[PDB]
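Peer 1: Just dropping this structure here.
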Amino acid sequence: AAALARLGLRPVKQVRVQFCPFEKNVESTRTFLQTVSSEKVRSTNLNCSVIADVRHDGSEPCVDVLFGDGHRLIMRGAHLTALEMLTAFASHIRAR
Amino acid sequence: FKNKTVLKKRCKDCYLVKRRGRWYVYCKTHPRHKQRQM
Amino acid sequence: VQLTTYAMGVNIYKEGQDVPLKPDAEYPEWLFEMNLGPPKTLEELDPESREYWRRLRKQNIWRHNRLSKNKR
Amino acid sequence: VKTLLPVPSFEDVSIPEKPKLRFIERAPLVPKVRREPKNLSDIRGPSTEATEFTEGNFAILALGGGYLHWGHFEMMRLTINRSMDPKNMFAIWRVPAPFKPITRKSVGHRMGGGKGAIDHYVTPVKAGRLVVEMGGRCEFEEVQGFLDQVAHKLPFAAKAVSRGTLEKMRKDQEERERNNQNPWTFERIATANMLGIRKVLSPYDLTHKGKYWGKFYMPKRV
Amino acid sequence: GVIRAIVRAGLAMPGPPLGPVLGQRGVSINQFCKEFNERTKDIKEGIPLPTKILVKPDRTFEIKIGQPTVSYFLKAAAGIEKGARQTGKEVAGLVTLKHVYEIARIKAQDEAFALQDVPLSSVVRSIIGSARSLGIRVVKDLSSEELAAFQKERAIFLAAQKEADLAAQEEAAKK
Amino acid sequence: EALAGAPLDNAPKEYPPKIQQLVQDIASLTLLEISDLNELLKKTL
Amino acid sequence: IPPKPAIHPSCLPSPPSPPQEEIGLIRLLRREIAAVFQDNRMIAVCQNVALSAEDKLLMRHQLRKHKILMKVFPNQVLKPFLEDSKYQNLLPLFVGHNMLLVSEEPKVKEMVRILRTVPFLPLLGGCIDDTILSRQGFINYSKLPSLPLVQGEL
Amino acid sequence: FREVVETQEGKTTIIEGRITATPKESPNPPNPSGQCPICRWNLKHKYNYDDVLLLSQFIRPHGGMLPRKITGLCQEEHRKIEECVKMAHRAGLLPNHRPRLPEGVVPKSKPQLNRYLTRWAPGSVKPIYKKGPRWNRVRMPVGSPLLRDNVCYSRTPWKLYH
RNA sequence: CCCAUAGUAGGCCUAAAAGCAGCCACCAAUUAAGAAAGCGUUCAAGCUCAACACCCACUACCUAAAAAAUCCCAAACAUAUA
Ligand SMILES: [Mg+2]
Ligand SMILES: [Zn+2]
Ligand SMILES: [Zn+2]
């Protein structure tokens, strides 16, 4: 997941993840949170932060992100894998 | 590019590619390692 | 000319009186159960200890290093 | 997790004195006053002596015939001394000193007037003869590497094999030679004289079994 | 980021190693040396100790004082000033278990050991390994035994240093 | 023998049956059994 | 001429591979897992953050200051122990990178208050005396009053 | 199968992940003991490059292919399908398996030159001007080197160099 | 496909060679990493690999091609049964 570190993460404002521990379709959002909270991607900017929200009766692995342009991007990883959402977020943060 | 019959990687960033009928060794870190198959 | 040369003139008793040296009674007994000269091999440790596996891993690392000397 | 196999311990192989190779001179201690002809039968066919190992476990197996002069021996000994470990590796020469005289005449001279003068000396090397033997307390990758590095420089074909590798290659060779589909072996046709083939063949082919030709060696003839 | 540097306490002149790197980094050097000197003036021996510094993007350096090295303590406890080129065939000196135990219990308060659940057995094993890799040798607890050991080791080490200096002079003469 | 289904407290819908059984066993009397309970509780603590 | 087989070996069903003999590493791992599961009563599985070792030793020192320990185990040696024992309802919580906490005696308040300082340290939950709970479960259980008054209120 | 669906509504891109349906294999295999999808239907060395139905079941609608862990082929069977699919897109087969592009199909340069059994790329090979003498003539390759073990009915090997 | 803290500038001529200038032993802590397996280093920084943590396709049929002078030379067909 070094592409997200080589690209950049400055214009982003606040990101967060929500999932359930007992579900069997929460590994994608789990590894996404693990890759997005590394060392290079976290030290490339200090004006942003992450929120790790863990609920029991959520029953949905939704990941909502937004940057400084006032937009909003929410991606629920119910069936998507990790690389797909990673490259989607990369393209969305590079194009805007 | 340099004409070389036996191609090999001289460092780490060298990646092998197959183009226009010849194997070429491109590298972005050390451009001196560009080889051409004869 | 600068160099850290602070060799104290110790003879036979200046190494126990200059510093607050404690007798053997106050020191615990488990501090003398360590190794002395030669280290530990592989046939002296039981396979149910971490030291044997660490020594085997170090030997494997040494073998890999001795093998990967000509390839690129 | 993965398993951790024990490393092969080296405690029964002691390095002797002088681990490096000795010096090879050009002419011997006494010159040969009698000029000998260039007998080509000293490199044609399989090798007789210096076939198996003796002390070490790694040696260069020759796959062809040829002559080696002083420069080749110097290059080989220099490469060995510069690409080895004196505290872990040691090699012993397997081929003797070059002693076969070669007569060369003057440049731009008419045909005649007897033979020329003896210049350099070479040594006969047959196929399957171990050129150099090296042992020690090392493994198989590095030694095979810096032995094939020299074998590729040799004029004739040569490879870096050991004991287990030689055993395996002989095993697969005999397996391929004992499991032949077509029932027309070169030996059966050469020995029994079939279709009058003995007219264009050679009497030395009865022992070579079609595996040798002049100085080369084809391991795929069967 | 961080810059690893091991300089002397009371001797920190602006230039060698700690010079071009500090110049290309973007921070001052004379102020850093003055701060290091005013922080190390508390030491009445001038013991060389490592220094871990950190630089922030707004060009501002910080100094974190830790514990000195182990080779200096081992050489001070043994009594020899320079290490030997061989181990086993030419021992530099002997150090009892009490000295290395005191050194370990004094050093086990730096930023590397106080921030980890490490017991005394681990640190004494580490210091024994360091002493074995240095050139000295450990021993149970030998009072009169280590007294006689020092009595003979002074003479044998003087003879070894004399013969080593003679060999070095011969090698310097063959030139 | 494994464990329970691991419920939560944000949606109170289920409760362990052992607690209900104990409460039904201890909440059906007058005051003498309450005094006996207090006595057996203060005997130790 | 090589022998031409009637049936290619890649087409016929290959014989099963011989099972390897279990080494002592996994045996010691299972033994120490059972040991730390029998004596300790409070565990908390949390997602391991791929951070630097500096902050890692910092948080290790901050945790061990309150007289607690920490030890993790790989999933390959942990899934059989979780599927053969009584903790069969915790197998979907060990499908990736995670960190297991081994802390003796109930001290959930201090550890929660010291881990909530960073907003990137989530936890899937754990069991509190054979009672599996989640993160919200832990944060509402840490607000319970003291043990003596709850014991004596009856 | 699974597809991605992105919708824009109020400056909020909604990227969904809906899983659709997909067919399965017939519940009556001729050779159930086979380990490969080709071997289970007795298609070992029985197919050619003209079979557009067999090649369309292991490729992508945009021209891509599928790995061995998804399909189920071995090492020698996966390379044969990879070579036969390249001989179809050049001969005009599979018109619906074209790669996506914005608006690049505007200038029609070279016209549709009909071809078949194309082994190498057209605009890459060099024209043979010398062709050698006679014995060591440089012939033009054709067919595929991995399609030599197929069943023949002409009492002659497949001549790939003529 | 990912991944890297520390006892230290382990012992010594040269000013020092701090993991690649030479010697015998090449220690030692938590899960797990070599007093150093491959580039850039007067003395320090920059990059990977082996070892945890993590999933775990083949992780490799070993190497075997060349260009002179009037102008290159017959053409063609991998798929109706030796
Ligand atoms: Mg480094
Ligand atoms: Zn390069
Ligand atoms: Zn098959």
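By convention here, the chains of the structure tokens are called A, B, ... in the order presented, each chain's residues are numbered starting at 1, and ligands are numbered starting at 1 in the order presented.
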For ligand 1, return the neighbouring residues as a PyMOL selection string (distance at most 12 Å; only C-alpha atoms (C1' of nucleotides) and all ligand atoms).

Peer 2: (chain E and resi 3-4) or (chain I and resi 4-5+18-19+36+41+44-48)

Peer 1: Output as a list in words all residues of chain G that backbone DSSP marks as strand (DSSP E or B).

Peer 2: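 Restricting chain G to strand (DSSP E or B) produces residues 42, 43, 44, 45, 46, 69, 70, 99, 100, 101, 102, 103, 123, 124, 125, 126, 127, 128, 132 and 133 of chain G.
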
Peer 1: Export, as a tab-separated table (two decimals), in the first residue's frame, the selected residues with N, CA, C and O atoms.

Peer 2:
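The new file selection-v5.tsv reads:
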```tsv
chain	number	residue	atom	x	y	z
G	42	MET	N	-8.68	-12.21	31.93
G	42	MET	CA	-9.01	-11.03	31.14
G	42	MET	C	-8.12	-10.97	29.92
G	42	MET	O	-6.89	-10.85	30.04
G	43	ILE	N	-8.72	-11.06	28.73
G	43	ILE	CA	-8.01	-10.92	27.47
G	43	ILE	C	-8.77	-9.93	26.60
G	43	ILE	O	-9.98	-9.76	26.72
G	44	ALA	N	-8.03	-9.27	25.71
G	44	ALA	CA	-8.63	-8.27	24.82
G	44	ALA	C	-7.88	-8.31	23.49
G	44	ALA	O	-6.72	-7.89	23.42
G	45	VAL	N	-8.55	-8.80	22.45
G	45	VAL	CA	-7.97	-8.86	21.12
G	45	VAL	C	-8.21	-7.53	20.41
G	45	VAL	O	-9.36	-7.07	20.32
G	46	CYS	N	-7.14	-6.92	19.93
G	46	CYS	CA	-7.21	-5.64	19.25
G	46	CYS	C	-6.39	-5.70	17.97
G	46	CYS	O	-5.40	-6.43	17.88
G	69	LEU	N	0.86	-7.28	31.13
G	69	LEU	CA	1.74	-7.87	30.12
G	69	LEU	C	1.05	-7.85	28.76
G	69	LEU	O	-0.08	-7.38	28.61
G	70	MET	N	1.75	-8.39	27.76
G	70	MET	CA	1.22	-8.45	26.40
G	70	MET	C	1.93	-9.57	25.66
G	70	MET	O	3.16	-9.69	25.75
G	99	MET	N	-3.58	-8.00	17.85
G	99	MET	CA	-2.73	-8.05	19.02
G	99	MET	C	-3.55	-8.49	20.22
G	99	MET	O	-4.61	-7.92	20.50
G	100	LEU	N	-3.07	-9.52	20.93
G	100	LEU	CA	-3.75	-10.05	22.10
G	100	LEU	C	-3.13	-9.49	23.37
G	100	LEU	O	-1.90	-9.37	23.47
G	101	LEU	N	-3.98	-9.15	24.33
G	101	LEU	CA	-3.55	-8.57	25.60
G	101	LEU	C	-3.70	-9.61	26.70
G	101	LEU	O	-4.74	-10.27	26.80
G	102	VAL	N	-2.66	-9.74	27.53
G	102	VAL	CA	-2.66	-10.66	28.66
G	102	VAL	C	-2.44	-9.82	29.91
G	102	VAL	O	-1.30	-9.48	30.25
G	103	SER	N	-3.53	-9.48	30.60
G	103	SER	CA	-3.48	-8.63	31.78
G	103	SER	C	-4.17	-9.35	32.93
G	103	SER	O	-5.35	-9.72	32.81
G	123	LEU	N	-10.34	-2.14	18.89
G	123	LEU	CA	-10.32	-3.47	19.48
G	123	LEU	C	-11.63	-4.16	19.16
G	123	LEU	O	-12.70	-3.54	19.20
G	124	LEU	N	-11.55	-5.46	18.85
G	124	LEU	CA	-12.74	-6.23	18.51
G	124	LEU	C	-13.53	-6.65	19.74
G	124	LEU	O	-14.73	-6.93	19.62
G	125	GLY	N	-12.90	-6.71	20.91
G	125	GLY	CA	-13.59	-7.10	22.12
G	125	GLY	C	-12.83	-8.11	22.95
G	125	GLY	O	-11.60	-8.12	22.96
G	126	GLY	N	-13.56	-8.97	23.65
G	126	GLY	CA	-12.95	-9.97	24.49
G	126	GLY	C	-13.95	-10.52	25.48
G	126	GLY	O	-15.13	-10.16	25.48
G	127	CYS	N	-13.45	-11.39	26.35
G	127	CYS	CA	-14.25	-12.04	27.37
G	127	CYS	C	-13.85	-11.53	28.75
G	127	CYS	O	-12.66	-11.36	29.04
G	128	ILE	N	-14.84	-11.28	29.59
G	128	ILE	CA	-14.63	-10.83	30.97
G	128	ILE	C	-15.23	-11.90	31.87
G	128	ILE	O	-16.43	-11.89	32.17
G	132	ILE	N	-18.23	-12.95	26.86
G	132	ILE	CA	-17.70	-12.27	25.69
G	132	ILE	C	-18.38	-10.91	25.54
G	132	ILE	O	-19.60	-10.79	25.67
G	133	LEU	N	-17.58	-9.88	25.26
G	133	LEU	CA	-18.08	-8.53	25.12
G	133	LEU	C	-17.33	-7.84	23.99
G	133	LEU	O	-16.36	-8.37	23.44
```

Peer 1: With only C-alpha atoms (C1' of nucleotides) as the counted atoms, please give the residues lying no more than 9 Å from residue H:116, apart from itself and same-chain residues fewer than 6 positions off, as a tab-separated table (two decimals) with C-alpha atoms, in the first residue's frame.

Peer 2:
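Saved result, out-v8.tsv, follows:
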```tsv
chain	number	residue	atom	x	y	z
H	87	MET	CA	-5.02	-16.06	-32.60
H	88	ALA	CA	-8.73	-15.08	-32.44
H	90	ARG	CA	-6.33	-10.94	-34.86
H	91	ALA	CA	-8.43	-13.06	-37.25
H	92	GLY	CA	-11.55	-10.99	-36.58
```

Peer 1: So that I can check the surroundings of residue D:205, please list as a ChimeraX atom specification every protein, DNA and RNA residue that reaches within 12 Å of it, counting only C-alpha atoms (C1' of nucleotides) and ignoring chain neighbours fewer than 2 positions away.

Peer 2: /D:44-46,186-191,193,197-198,200-203,207-214

Peer 1: Show me which residues line ligand 2, defined as having an atom within 7 Å of a ligand atom where only C-alpha atoms (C1' of nucleotides) and all ligand atoms count, and present them as number ranges by chain.

Peer 2: B: 10-14, 27-34

Peer 1: Just to be explicit: take each residue in the selection above, keep N, CA and C atoms, and write the result as a compact mmCIF listing (two decimals), in the first residue's frame.

Peer 2:
```txt
# COMPACT_ATOMS: atom_id res chain seq x y z
N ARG B 10 21.54 -5.40 -13.12
CA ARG B 10 22.74 -4.86 -12.51
C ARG B 10 22.51 -4.30 -11.12
N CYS B 11 21.25 -4.08 -10.72
CA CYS B 11 20.95 -3.57 -9.39
C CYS B 11 19.63 -4.12 -8.88
N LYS B 12 18.69 -3.24 -8.56
CA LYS B 12 17.40 -3.64 -8.03
C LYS B 12 16.22 -3.06 -8.80
N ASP B 13 16.31 -1.80 -9.22
CA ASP B 13 15.20 -1.16 -9.93
C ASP B 13 15.08 -1.63 -11.38
N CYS B 14 16.01 -2.45 -11.86
CA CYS B 14 15.95 -2.92 -13.24
C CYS B 14 14.83 -3.94 -13.40
N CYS B 27 15.42 0.90 -16.48
CA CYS B 27 15.66 1.24 -15.08
C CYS B 27 15.51 2.75 -14.91
N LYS B 28 14.77 3.16 -13.88
CA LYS B 28 14.55 4.57 -13.61
C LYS B 28 15.51 5.15 -12.59
N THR B 29 16.00 4.33 -11.65
CA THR B 29 16.94 4.82 -10.65
C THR B 29 18.33 5.00 -11.25
N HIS B 30 18.87 3.94 -11.87
CA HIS B 30 20.17 4.00 -12.53
C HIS B 30 19.98 3.84 -14.03
N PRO B 31 19.91 4.94 -14.79
CA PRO B 31 19.72 4.82 -16.25
C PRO B 31 20.91 4.21 -16.97
N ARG B 32 22.04 3.99 -16.30
CA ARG B 32 23.20 3.40 -16.94
C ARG B 32 23.04 1.91 -17.22
N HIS B 33 22.01 1.27 -16.66
CA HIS B 33 21.81 -0.16 -16.80
C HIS B 33 20.89 -0.52 -17.96
N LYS B 34 20.74 0.36 -18.94
CA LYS B 34 19.90 0.09 -20.10
C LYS B 34 20.63 -0.84 -21.06
```

Peer 1: What's around residue E:143 at 10 Å? Count only C-alpha atoms (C1' of nucleotides), leave out sequence neighbours fewer than 5 positions away in its own chain, and write the answer as a PyMOL selection string.

Peer 2: (chain C and resi 12-13+16) or (chain E and resi 96+148-149)

Peer 1: Within 7 Å of ligand 3, which residues show up when you count only C-alpha atoms (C1' of nucleotides) and all ligand atoms? List them as a PyMOL selection string, please.

Peer 2: (chain G and resi 10-11) or (chain H and resi 34-36+38-39+73-74)

Peer 1: Residues of chain C within 9 Å of chain D, counting only C-alpha atoms - could you list those as a VMD selection string?

Peer 2: chain C and resid 53 56 to 57 59 to 60 63 66 to 71

Peer 1: May I have the residues of chain I within 12 Å of chain D, counting only C-alpha atoms (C1' of nucleotides), written as a ChimeraX atom specification?

Peer 2: /I:23-24,51-56,62-63

Peer 1: Pull out every residue of chain F sitting within 9 Å of chain G, counting only C-alpha atoms, and send them as number ranges by chain.

Peer 2: F: 1-10, 38, 41, 45

Peer 1: Could you give me the residues within chain G that DSSP places in alpha helix (DSSP H), as a count of residues only?

Peer 2: 59

Peer 1: Write out as a PDB file with N, CA and C atoms (P, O5', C5', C4', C3', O3' and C1' of nucleotides), in the first residue's frame each polymer residue whose atoms come within 9 Å of residue E:83, counting only C-alpha atoms (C1' of nucleotides); drop sequence neighbours fewer than 3 positions from it.

Peer 2:
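Output file selection_22.pdb follows:
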```pdb
ATOM      1  N   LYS E  75      36.561  -0.801  30.056  1.00  0.00           N
ATOM      2  CA  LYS E  75      37.973  -0.435  30.120  1.00  0.00           C
ATOM      3  C   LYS E  75      38.322   0.231  31.443  1.00  0.00           C
ATOM      4  N   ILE E  80      42.751  -1.329  31.681  1.00  0.00           N
ATOM      5  CA  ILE E  80      43.517  -1.136  30.456  1.00  0.00           C
ATOM      6  C   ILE E  80      42.882  -0.005  29.655  1.00  0.00           C
ATOM      7  N   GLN E  86      43.291  -9.489  19.541  1.00  0.00           N
ATOM      8  CA  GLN E  86      42.916 -10.893  19.576  1.00  0.00           C
ATOM      9  C   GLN E  86      42.144 -11.186  20.855  1.00  0.00           C
ATOM     10  N   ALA E  92      43.059  -9.107  27.290  1.00  0.00           N
ATOM     11  CA  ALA E  92      43.407  -7.760  27.726  1.00  0.00           C
ATOM     12  C   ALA E  92      43.357  -7.628  29.244  1.00  0.00           C
ATOM     13  N   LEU E 134      34.615  -8.172  23.650  1.00  0.00           N
ATOM     14  CA  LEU E 134      35.619  -7.116  23.759  1.00  0.00           C
ATOM     15  C   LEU E 134      37.027  -7.698  23.743  1.00  0.00           C
ATOM     16  N   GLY E 135      37.342  -8.542  24.721  1.00  0.00           N
ATOM     17  CA  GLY E 135      38.656  -9.144  24.814  1.00  0.00           C
ATOM     18  C   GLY E 135      39.020  -9.541  26.229  1.00  0.00           C
ATOM     19  N   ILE E 136      38.132  -9.245  27.179  1.00  0.00           N
ATOM     20  CA  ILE E 136      38.359  -9.575  28.581  1.00  0.00           C
ATOM     21  C   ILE E 136      37.666 -10.892  28.906  1.00  0.00           C
TER      22      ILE E 136
ATOM     23  P     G I  11      34.603  -1.301  19.818  1.00  0.00           P
ATOM     24  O5'   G I  11      35.813  -2.299  20.099  1.00  0.00           O
ATOM     25  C5'   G I  11      36.399  -2.393  21.389  1.00  0.00           C
ATOM     26  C4'   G I  11      37.633  -3.261  21.370  1.00  0.00           C
ATOM     27  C3'   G I  11      38.593  -3.016  20.217  1.00  0.00           C
ATOM     28  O3'   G I  11      39.468  -1.927  20.456  1.00  0.00           O
ATOM     29  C1'   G I  11      38.203  -5.340  20.448  1.00  0.00           C
ATOM     30  P     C I  12      39.107  -0.457  19.918  1.00  0.00           P
ATOM     31  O5'   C I  12      40.492   0.092  19.354  1.00  0.00           O
ATOM     32  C5'   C I  12      41.688  -0.032  20.109  1.00  0.00           C
ATOM     33  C4'   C I  12      42.783  -0.679  19.300  1.00  0.00           C
ATOM     34  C3'   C I  12      43.093  -0.024  17.962  1.00  0.00           C
ATOM     35  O3'   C I  12      43.954   1.094  18.085  1.00  0.00           O
ATOM     36  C1'   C I  12      42.863  -2.354  17.657  1.00  0.00           C
TER      37        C I  12
END
```

Peer 1: Would you list the contacts of residue C:28 as a PyMOL selection string, taking every protein, DNA or RNA residue within 12 Å and counting only C-alpha atoms (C1' of nucleotides), but skipping same-chain residues closer than 4 positions in sequence?

Peer 2: (chain C and resi 22-24+32-33) or (chain E and resi 98+101+120-121)

Peer 1: Which residues of chain A come within 12 Å of chain F, and for each one, what is the closest pair of atoms and their distance in Å to one decimal, counting only C-alpha atoms, sorted by chain and residue number, as CSV?

Peer 2:
```
residue,atom,partner,partner_atom,distance
A:21,CA,F:6,CA,11.4
A:22,CA,F:6,CA,9.4
A:55,CA,F:10,CA,10.0
A:56,CA,F:8,CA,7.4
A:57,CA,F:8,CA,8.5
A:58,CA,F:10,CA,11.3
```

Peer 1: For chain I, report every residue with an atom at most 10 Å from chain H (counting only C-alpha atoms (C1' of nucleotides)), formatted as a VMD selection string.

Peer 2: chain I and resid 57 to 58 72 to 73 76 to 82

Peer 1: For a quick test of understanding: name the residues of chain I lying within 8 Å of chain C when counting only C-alpha atoms (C1' of nucleotides), and present them as a list in words.

Peer 2: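 The answer, sorted by residue number, is residues 34, 37, 38, 50 and 51 of chain I.
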
Peer 1: Write the selection just made, keeping N, CA and C atoms (P, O5', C5', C4', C3', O3' and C1' of nucleotides), as a PDB file, in the first residue's frame?

Peer 2:
```
ATOM      1  P     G I  34      20.262 -11.089  14.697  1.00  0.00           P
ATOM      2  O5'   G I  34      21.734 -11.349  14.147  1.00  0.00           O
ATOM      3  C5'   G I  34      22.091 -12.596  13.569  1.00  0.00           C
ATOM      4  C4'   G I  34      23.074 -12.414  12.441  1.00  0.00           C
ATOM      5  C3'   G I  34      23.985 -11.202  12.551  1.00  0.00           C
ATOM      6  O3'   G I  34      25.092 -11.410  13.413  1.00  0.00           O
ATOM      7  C1'   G I  34      23.075 -11.308  10.372  1.00  0.00           C
ATOM      8  P     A I  37      27.588 -11.276   5.453  1.00  0.00           P
ATOM      9  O5'   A I  37      26.441 -11.564   4.387  1.00  0.00           O
ATOM     10  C5'   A I  37      26.558 -12.631   3.457  1.00  0.00           C
ATOM     11  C4'   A I  37      25.466 -12.578   2.418  1.00  0.00           C
ATOM     12  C3'   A I  37      25.456 -11.344   1.529  1.00  0.00           C
ATOM     13  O3'   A I  37      26.367 -11.442   0.447  1.00  0.00           O
ATOM     14  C1'   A I  37      23.277 -11.734   2.353  1.00  0.00           C
ATOM     15  P     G I  38      27.038 -10.121  -0.174  1.00  0.00           P
ATOM     16  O5'   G I  38      26.325  -9.954  -1.589  1.00  0.00           O
ATOM     17  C5'   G I  38      26.640  -8.858  -2.435  1.00  0.00           C
ATOM     18  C4'   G I  38      25.414  -8.329  -3.138  1.00  0.00           C
ATOM     19  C3'   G I  38      25.405  -6.834  -3.415  1.00  0.00           C
ATOM     20  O3'   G I  38      26.115  -6.488  -4.591  1.00  0.00           O
ATOM     21  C1'   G I  38      23.350  -7.464  -2.432  1.00  0.00           C
ATOM     22  P     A I  50      12.822 -12.013   2.377  1.00  0.00           P
ATOM     23  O5'   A I  50      13.766 -12.905   3.301  1.00  0.00           O
ATOM     24  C5'   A I  50      14.434 -14.043   2.777  1.00  0.00           C
ATOM     25  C4'   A I  50      15.502 -14.540   3.719  1.00  0.00           C
ATOM     26  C3'   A I  50      15.043 -14.876   5.130  1.00  0.00           C
ATOM     27  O3'   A I  50      14.441 -16.153   5.229  1.00  0.00           O
ATOM     28  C1'   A I  50      16.995 -13.555   5.237  1.00  0.00           C
ATOM     29  P     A I  51      12.991 -16.311   5.903  1.00  0.00           P
ATOM     30  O5'   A I  51      13.193 -15.760   7.385  1.00  0.00           O
ATOM     31  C5'   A I  51      13.938 -16.498   8.343  1.00  0.00           C
ATOM     32  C4'   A I  51      13.727 -15.961   9.737  1.00  0.00           C
ATOM     33  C3'   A I  51      12.298 -15.578  10.090  1.00  0.00           C
ATOM     34  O3'   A I  51      11.510 -16.693  10.473  1.00  0.00           O
ATOM     35  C1'   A I  51      13.777 -13.858  10.772  1.00  0.00           C
TER      36        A I  51
END
```

Peer 1: Identify every residue of chain D that has at least one atom within 8 Å of any atom of chain G, counting only C-alpha atoms, and report the result as a PDB file with N, CA and C atoms, in the first residue's frame.

Peer 2:
```pdb
ATOM      1  N   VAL D   1       3.449 -20.732  10.098  1.00  0.00           N
ATOM      2  CA  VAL D   1       4.858 -20.915  10.420  1.00  0.00           C
ATOM      3  C   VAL D   1       5.487 -21.936   9.480  1.00  0.00           C
ATOM      4  N   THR D   3       8.951 -24.843   8.992  1.00  0.00           N
ATOM      5  CA  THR D   3       9.902 -25.678   9.705  1.00  0.00           C
ATOM      6  C   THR D   3      11.318 -25.128   9.556  1.00  0.00           C
ATOM      7  N   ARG D 176      17.899 -43.980 -19.099  1.00  0.00           N
ATOM      8  CA  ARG D 176      17.542 -43.689 -20.482  1.00  0.00           C
ATOM      9  C   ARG D 176      18.127 -44.715 -21.444  1.00  0.00           C
ATOM     10  N   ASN D 179      15.939 -48.079 -21.071  1.00  0.00           N
ATOM     11  CA  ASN D 179      14.522 -47.998 -21.402  1.00  0.00           C
ATOM     12  C   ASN D 179      14.325 -47.360 -22.771  1.00  0.00           C
ATOM     13  N   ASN D 180      14.873 -47.984 -23.809  1.00  0.00           N
ATOM     14  CA  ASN D 180      14.767 -47.470 -25.167  1.00  0.00           C
ATOM     15  C   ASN D 180      13.584 -48.120 -25.871  1.00  0.00           C
ATOM     16  N   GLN D 181      12.767 -47.299 -26.534  1.00  0.00           N
ATOM     17  CA  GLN D 181      11.579 -47.811 -27.210  1.00  0.00           C
ATOM     18  C   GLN D 181      11.942 -48.539 -28.500  1.00  0.00           C
ATOM     19  N   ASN D 182      12.627 -47.857 -29.409  1.00  0.00           N
ATOM     20  CA  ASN D 182      13.013 -48.483 -30.668  1.00  0.00           C
ATOM     21  C   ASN D 182      14.081 -49.542 -30.412  1.00  0.00           C
TER      22      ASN D 182
END
```

Peer 1: Contacts from chain H to chain A, 9 Å maximum, only C-alpha atoms: show me the residue list as a list in words.

Peer 2: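 Listed by rising number, the hits are residues 2, 3, 4, 11, 12, 13, 14, 15, 16, 17, 18 and 19 of chain H.
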
Peer 1: What does the distance from atom CA of residue C:42 to atom CA of residue E:113 come to in Å, to one decimal?

Peer 2: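 Going from atom CA of residue C:42 over to atom CA of residue E:113 covers 28.8 Å.
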
Peer 1: Distance limit 9 Å, atoms considered: only C-alpha atoms (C1' of nucleotides). Which chain G residues sit that close to chain I? Return them as a ChimeraX atom specification.

Peer 2: /G:52-54,56-57,71-74,96-98
